[PDB]
Amino acid sequence: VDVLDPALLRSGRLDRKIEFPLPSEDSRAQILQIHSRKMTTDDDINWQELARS
Amino acid sequence: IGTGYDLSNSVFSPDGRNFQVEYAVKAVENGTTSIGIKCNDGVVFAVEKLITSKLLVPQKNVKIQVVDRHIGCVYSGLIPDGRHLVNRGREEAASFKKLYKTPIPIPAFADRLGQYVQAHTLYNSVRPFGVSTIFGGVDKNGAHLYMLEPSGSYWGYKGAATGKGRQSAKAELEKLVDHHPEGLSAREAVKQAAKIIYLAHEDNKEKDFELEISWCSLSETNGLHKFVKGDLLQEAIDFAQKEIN
Amino acid sequence: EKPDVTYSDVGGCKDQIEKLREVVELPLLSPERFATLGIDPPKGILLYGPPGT
Amino acid sequence: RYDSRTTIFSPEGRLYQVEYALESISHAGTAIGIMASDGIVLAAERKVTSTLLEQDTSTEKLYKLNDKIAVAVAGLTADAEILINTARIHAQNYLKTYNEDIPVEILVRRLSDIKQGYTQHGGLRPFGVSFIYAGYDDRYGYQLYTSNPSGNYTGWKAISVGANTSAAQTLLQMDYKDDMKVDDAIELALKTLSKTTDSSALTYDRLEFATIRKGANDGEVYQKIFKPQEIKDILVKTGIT
Amino acid sequence: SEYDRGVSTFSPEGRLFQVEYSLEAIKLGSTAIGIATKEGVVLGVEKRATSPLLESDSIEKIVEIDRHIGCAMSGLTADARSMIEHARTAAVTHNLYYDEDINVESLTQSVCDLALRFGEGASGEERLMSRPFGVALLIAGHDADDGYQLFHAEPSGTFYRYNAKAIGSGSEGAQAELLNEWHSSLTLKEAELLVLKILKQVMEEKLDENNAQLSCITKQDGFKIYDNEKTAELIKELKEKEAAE
Amino acid sequence: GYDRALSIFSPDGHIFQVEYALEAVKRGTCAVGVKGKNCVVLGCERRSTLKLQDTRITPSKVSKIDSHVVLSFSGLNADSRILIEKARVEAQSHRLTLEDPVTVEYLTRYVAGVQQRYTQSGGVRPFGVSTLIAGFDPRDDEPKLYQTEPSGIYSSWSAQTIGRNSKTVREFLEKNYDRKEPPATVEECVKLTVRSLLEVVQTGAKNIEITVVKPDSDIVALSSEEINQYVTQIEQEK
Amino acid sequence: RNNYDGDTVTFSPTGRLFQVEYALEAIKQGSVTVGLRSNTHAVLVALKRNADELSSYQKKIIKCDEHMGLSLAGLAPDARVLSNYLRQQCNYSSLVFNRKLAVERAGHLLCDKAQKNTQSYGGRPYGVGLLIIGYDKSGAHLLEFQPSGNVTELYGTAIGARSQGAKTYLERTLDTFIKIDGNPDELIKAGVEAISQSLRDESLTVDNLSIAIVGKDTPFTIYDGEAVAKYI
Ligand SMILES: Nc1ncnc2c1ncn2[C@@H]1O[C@H](COP(=O)(O)OP(=O)(O)OP(=O)(O)O)[C@@H](O)[C@H]1O
């Protein structure tokens with residue numbers, strides 16, 4: 330955030346500054362799931378339990 | 004940030020504050036919904052205790068702990084840390100009972116607790132606490148509810164709330180002042196606590212909860228602290244279930 | 202083309218050498234297993250380390 | 005760097021703290037002690053002088069620690085203060101216990117041990133102060149020592165610490181004769197002090213002086229500080245003033 | 006790295022790399038071999054000289070802890086003076102308290118208790134030793150009740166019972182040999198020549214009694230540290246045996 | 003960086019403080035011990051810096067612990083100072099408890115034990131001194147020469163050099179010395195001790211210091227004149 | 003950063019401690035063990051790991067008392083100090099109050115002990131989980147100790163390496179083994195099946211089995227050798 334040029338730091342060139350954090354606990358479990366639906370899934374997997382790890 | 008300020012907890016930033024104490028609060032955010040509902044003839048405590056898996060035993064772990072036999076306390080944030088402040092409260096409470104031969108006043112407890120938290124910011128071989136603690140009871144001068152921040156700030160509260168889903172919780176408390184300008188009876192403030200915590204579980208929705216409610220009331224518990232259980236608790240469950248749906 | 206080097210001219214039967222076999226030889230012999238699992242078969246490898254290994 | 009504390013050594017096993025503490029002595033003025041057959045003379049130099057400065061109430065680099073042994077001081081003076089008192093107290097502890105005055109070698113040994121002890125253990129600072137001990141004991145008659153800020157001692161017939169150590173040392177030993185008269189001992193001190201010192205006119209107020217003799221007032225070790233009016237005279241005999 | 010500058014600071018593996026490192030101090034010191042048998046445990050060592058002016062007949066690296074408990078060591082001897090000191094005290098205080106032989110196993114624990122000490126304080130064992138111990142022991146003795154036992158006391162971990170163990174520098178190649186040459190059919194005389202046989206293999210020195218030293222724990226013969234003639238005799242038998250082969 | 007405390011180790015298991023302490027010995031001048039069949043000669047390089055410096059009042063490199071134990075040292079002079087008085091008291095405390103003349107084994111083991119205690123501790127450095135502790139006992143006729151090292155490890159050796167350029171002096175001593183035959187006469191024990199020291203002094207026959215210890219509490223320190231007859235005797239054969 | 007990883011008295015910006023988190027990693031590297039219980043019985047089954055085959059194993063069960071005991075997963079030095087402190091407490095309780103202290107009441111003291119070293123500057127944190135069992139008047143109990151020091155009362159748990167397949171087993175058979183009361187054989191049996199599933203690079207032998215059992219009519223007893231020959 331401190332490599333942002335002063336040209337765009339003037340109003341009316343950016344107006345929304347929108348933060349992306351590092352995926353929280355609840356967010357990890359969902360990301361893991363979609364990756365897991367490319368390959369076979371099983372009842373063995375519990376994503377909530379992988380996310381804690 | 005660095006340069007002290009967040010690396011040591013007695014060092015002040017140019018902002019006149021300490022960023023580690025904000026971080027102490029952040030751990031409270033991560034902790035779960037606990038309310039205390041002040042009443043005109045008692046005090047009510049409710050807590051959401053989440054169920055991680057169903058191997059857990061029902062009603063056998065809590066965050067409700069008693070000091071004396073008339074002061075209820077519940078903490079949210081870091082669980083083992085929160086135990087130890089109440090434990091330290093007991094040792095303090097015991098000393099008051101020895102010297103003065105009398106239960107502690109709830110404003111006396113509020114002063115002694117706030118000295119203990121504030122001390123853990125004066126040294127750097129110590130860690131701060133990272134818990135809020137809703138507490139209070141009934142004494143001479145009636146019922147009093149206080150809530151302590153990990154900041155070491157307190158004030159009297161007509162409603163106190165902490166944990167993650169506290170946004171919903173604070174709004175429902177303020178509605179409770181408006182609908183009943185006495186803050187309602189302690190019996191129905193138990194039911195009122197169950198409806199709050201269930202809405203607070205819409206913020207915690209991914210897992211299951213266990214509702215534990217306790218009270219200490221002037222004549223509905225006969226001036227003593229007891230757990231709210233059995234047909235009282237079953238009622239709360241049922242009222243709460245009805246009113247979300 | 203076609204080196205006059207085998208795993209006799211390398212000492213150690215190291216951990217990296219066991220993971221190295223899996224990348225080249227295993228999906229070349231049988232791309233069937235990789236397809237069924239639903240992983241896309243290893244074919245990229247980066248050997249890196251201190252000098253003189 | 006490995007100058008963070010006394011505990012820690014460089015690759016080569018030297019300790020920088022000792023080194024700094026030696027250098028501390030030579031940022032305060034020249035001090036010269038000469039032993040002679042007929043007395044040991046002490047002379048020191050004032051690093052301070054302002055026009056409104058007084059220095060007639062006390063000598064700021066000469067203390068008698070006992071009625072037979074006295075020390076001239078080189079180093080930081082606050083550091084000096086603590087130790088001057090420790091030594092003098094230890095001296096009289098000896099007097100209480102044995103009903104006779106402390107031998108020189110013990111007195112020096114005690115302070116170098118304390119100074120080393122601050123290096124050997126703890127967080128405490130080393131204290132860079134070099135004392136020239138001039139004493140008399142029946143073990144070796146007149147004895148002139150100095151103590152290192154490295155925390156050990158060496159016997160002497162002359163030594164110079166404080167500013168211009170190299171300059172003072174060659175000049176003193178060139179005009180040394182094994183015997184030496186106490187008057188010549190005085191005359192020599194003043195001559196080496198002028199050359200070293202960057203104040204062209206060496207006046208009596210830039211000088212501290214004591215002469216220590218058992219050849220004067222026999223059967224009694226007698227240490228006598230010269231007054232300003234006596235120091236004023238000897239400068240005219242050496243032709244400075 | 007950064008996890009070898011704290012002794013209460015763990016690695017992102019959950020370990021202490023101050024402690025890990027002390028394992029390599031143990032390995033640095035010269036080889037020691039112990040082999041338990043059903044007749045006694047034979048404890049052999051390696052020494053090193055750089056000058057023949059070294060008195061090799063008046064140096065310790067097999068030490069007597071009792072008249073039936075002996076030990077070998079490997080690693081830093083600065084640490085070992087202290088380690089062996091503690092362990093002498095325990096055997097003696099046991100006979101003080103009890104008039105009966107210490108247990109081999111029990112001794113093994115007490116040693117490891119002093120090993121635990123890395124800082125100061127801690128309940129139920131007030132800590133007085135300030136750094137990691139850099140010394141291990143092979144602990145061999147005899148109590149009747151468990152017969153002859155061989156343990157390796159590991160300051161980093163805790164004690165592991167062995168039926169044969171090599172520590173030090175030459176440990177990796179010895180352990181494999183000791184797999185193929187520990188039997189449930191060993192005799193005490195054969196064990197003696199076995200130890201020398203394994204030592205020579207990993208010793209890049211000359212085999213002589215000047216850098217070796219056998220000893221036994223036999224409960225009927227007492228703890229006997231052997232003579233130079235005696236060990237010399239065992240060097241001689243070894244060579245005639247392997248000449249024929 | 004693991005040379006910042008004695009509570010932090012390197013991946014090889016060293017505390018570099020001890021390693022840097024051994025280099026500190028080398029700053030202090032050499033000391034040589036050599037035993038014979040009925041003596042030990044403990045001989046040392048002495049320093050003569052200036053005419054001003056004395057010898058009376060200027061420390062010796064030999065200090066006598068007691069009447070049947072002697073001690074030489076090499077290292078920093080301040081560090082050995084606390085160690086010697088400390089050593090002397092320990093030596094007295096033996097007799098106080100037991101009521102017997104001090105054992106040489108007891109003495110090397112406690113004195114390096116003081117060193118050991120410091121090294122074990124992480125908040126304080128130990129000394130930077132290696133010593134020779136030589137002696138006899140009135141009961142035992144066996145001559146003993148022991149060593150300490152800055153780690154607080156004590157070792158026993160028939161003959162040893164420690165101090166300044168010790169290694170070079172060592173190699174010469176190996177050859178002449180035999181565990182099968184040490185020097186038979188005292189005078190011959192002294193000749194070897196001198197032959198070794200000649201090397202470190204370069205020239206200086208006032209700079210070679212000889213002391214002799216024999217059983218039945220015989221310690222002598224040789225006159226300047228006596229040390230000089232050896233030097234001249236060694237040059238005629240040389 | 004992980005420049006908050008340099009202390010035990012310094013919370014991170016997100017309100018975590020890295021020290022307590024790395025300690026969780028140490029459980030995972032520690033040896034697997036399964037707890038479970040019934041109204042009238044409680045069992046630990048633990049995998050006894052050797053360093054090699056000249057090594058005669060290691061006890062993973064420490065007897066706390068005659069009605070209490072614990073098992074371990076993670077650091078062996080750490081299990082040792084907290085076992086000493088816990089044993090003192092059992093002695094204390096029995097000396098001063100004539101009483102078998104409740105498992106759960108016992109567990110709040112061990113929780114504090116942990117948090118002492120968390121609060122203070124120095125004091126190594128603890129990077130072990132202990133599974134606590136006991137049988138008092140209030141029946142069997144099972145606590146799971148954390149390196150935070152939190153105490154969790156469960157009907158069943160597993161910790162260590164590859165211990166997640168044992169939690170999926172127990173969940174399914176949860177209600178089954180509780181109802182079995184007055185029959186230790188079955189509860190014992192269940193703990194063996196759980197820890198079968200864990201395995202990798204290992205096969206159960208006689209001397210990998212250590213079963214620790216306390217119950218309605220049973221002292222704290224650790225079973226080994228010919229008595230686990232009926233359950234290998
Ligand atoms: N595995 C090995 N077996 C035998 N010798 C080896 C082995 N590894 C390295 N060497 C020796 O080291 C020499 C030089 O190193 P080599 O070419 O194997 O290394 P590299 O780490 O791949 O190098 P670079 O940085 O030069 O690309 C070889 O010619 C060989 O003699």
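Which chain is which? The protein sequence lines are M, G, H, C, E, D and F, in order.
With positions in the first sequence counted from 1, the corresponding number in PDB author numbering is that position plus 329.
With positions in the second sequence counted from 1, the corresponding number in PDB author numbering is that position plus 3.
With positions in the third sequence counted from 1, the corresponding number in PDB author numbering is that position plus 201.
With positions in the fourth sequence counted from 1, the corresponding number in PDB author numbering is that position plus 4.
With positions in the fifth sequence counted from 1, the corresponding number in PDB author numbering is that position plus 5.
With positions in the sixth sequence counted from 1, the corresponding number in PDB author numbering is that position plus 2.
With positions in the seventh sequence counted from 1, the corresponding number in PDB author numbering is that position plus 2.
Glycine included, each C-beta is placed from N, C-alpha and C at the ideal position.
Item: Residues surrounding ligand 1 [beta-carbon distance to nearest heavy atom under 7 Å]; Value: H:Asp210, H:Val211, H:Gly212, H:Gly213, H:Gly250, H:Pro252, H:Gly253, H:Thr254
Item: Within chain M, the residues that H:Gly239 reaches when beta carbons sit closer than 8 Å; Value: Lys367, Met368, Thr369
Item: Any beta strand (DSSP E) of 3 or more consecutive residues that is wholly inside the segment 102-157 of chain E; Value: 140-148
Item: Per-residue burial, G:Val231 [other beta carbons within 10 Å of its own, 16 or more giving buried]; Value: buried
Item: Under the three-state DSSP convention, the category G:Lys41 falls into; Value: strand
Item: Neighbour flag for M:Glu354 against chain F, beta carbons, 8 Å; Value: no
Item: Interfacial residues, the segment 113-139 of chain C to chain D, with Cβ spacing under 9 Å; Value: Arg113, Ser116, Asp117, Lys119, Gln120, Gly121, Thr123, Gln124, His125, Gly126, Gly127
Item: Three-pair Cβ contact test at 8 Å for the segment 100-107 of chain C versus the segment 66-81 of chain C; Value: yes
Item: Closer than 8 Å at the beta carbon, the chain F residues around G:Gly133; Value: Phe13, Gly17
Item: Inter-stretch contact at 8 Å, needing at least 3 Cβ pairs: the segment 49-63 of chain D / the segment 15-26 of chain D; Value: no
Item: Cβ of F:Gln166 within 8 Å of any chain M Cβ; Value: yes
Item: Exposure of G:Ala122, with buried meaning 16 or more beta-carbon neighbours within 10 Å; Value: exposed
Item: CB contact flag (E:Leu184, E:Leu243, <8 Å); Value: no
Item: Same chain only: Cβ atoms within 7 Å of C:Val112, ignoring 5 sequence neighbours per side; Value: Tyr137, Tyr149, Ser151, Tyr157
Item: Collapsed DSSP secondary structure at D:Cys191 in the structure displayed; Value: helix
Item: Reduced DSSP secondary structure (H/G/I, E/B, other) of C:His31; Value: helix
Item: Contact under 8 Å by Cβ, F:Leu103 with F:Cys113; Value: no
Item: Completely contained beta strand (DSSP E) runs for the segment 136-160 of chain G, where each covers 3 or more residues; Value: 145-151, 157-159
Item: Identified DSSP bridge partners for F:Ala48; Value: F:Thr35, F:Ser212
Item: Reduced DSSP category for G:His73 - H, G, I as helix; E, B as strand; rest coil; Value: coil
Item: Cβ pair count under 8 Å reaching 3, the segment 112-130 of chain G against the segment 148-164 of chain G; Value: yes
Item: Beta-ladder partner(s) of E:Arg166, from DSSP; Value: E:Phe156
Item: Closest by C-alpha distance to C:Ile12, when choosing among D:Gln19, D:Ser12, D:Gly154; Value: D:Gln19
Item: At least three beta-carbon pairs within less than 8 Å, the segment 33-44 of chain G to the segment 34-43 of chain F; Value: no
Item: Beta-carbon separation (whole angstroms), D:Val106 vs D:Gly130, contact threshold 8 Å; Value: That pair is no contact at about 23 Å.
Item: Boundaries of the beta strand (DSSP E) in which F:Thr159 is found, first to last residue; Value: 158-161
Item: Three-state secondary structure assigned by DSSP to D:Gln149; Value: strand
Item: E:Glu209 versus E:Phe123: straight-line alpha-carbon distance, rounded; Value: 35 Å
Item: Coarse secondary structure for D:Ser82, derived from DSSP in three states; Value: helix
Item: Identity of the residues DSSP links to D:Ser76 by a beta bridge; Value: D:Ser132
Item: Cβ shell of H:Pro242 (< 7 Å), same chain only, five flanking positions each side left out; Value: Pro228, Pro232, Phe235
Item: Buried or exposed by the 16-neighbour rule on C-beta atoms within 10 Å, applied to G:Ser79; Value: buried
Item: Check whether G:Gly186 and G:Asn90 have beta carbons under 8 Å apart; Value: no
Item: Counted within 10 angstroms of its Cβ, other Cβ atoms place E:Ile107 as buried (16 or more) or exposed; Value: buried
Item: Cβ contact check for the segment 158-172 of chain E and the segment 142-159 of chain D: 3 or more pairs under 8 Å; Value: no
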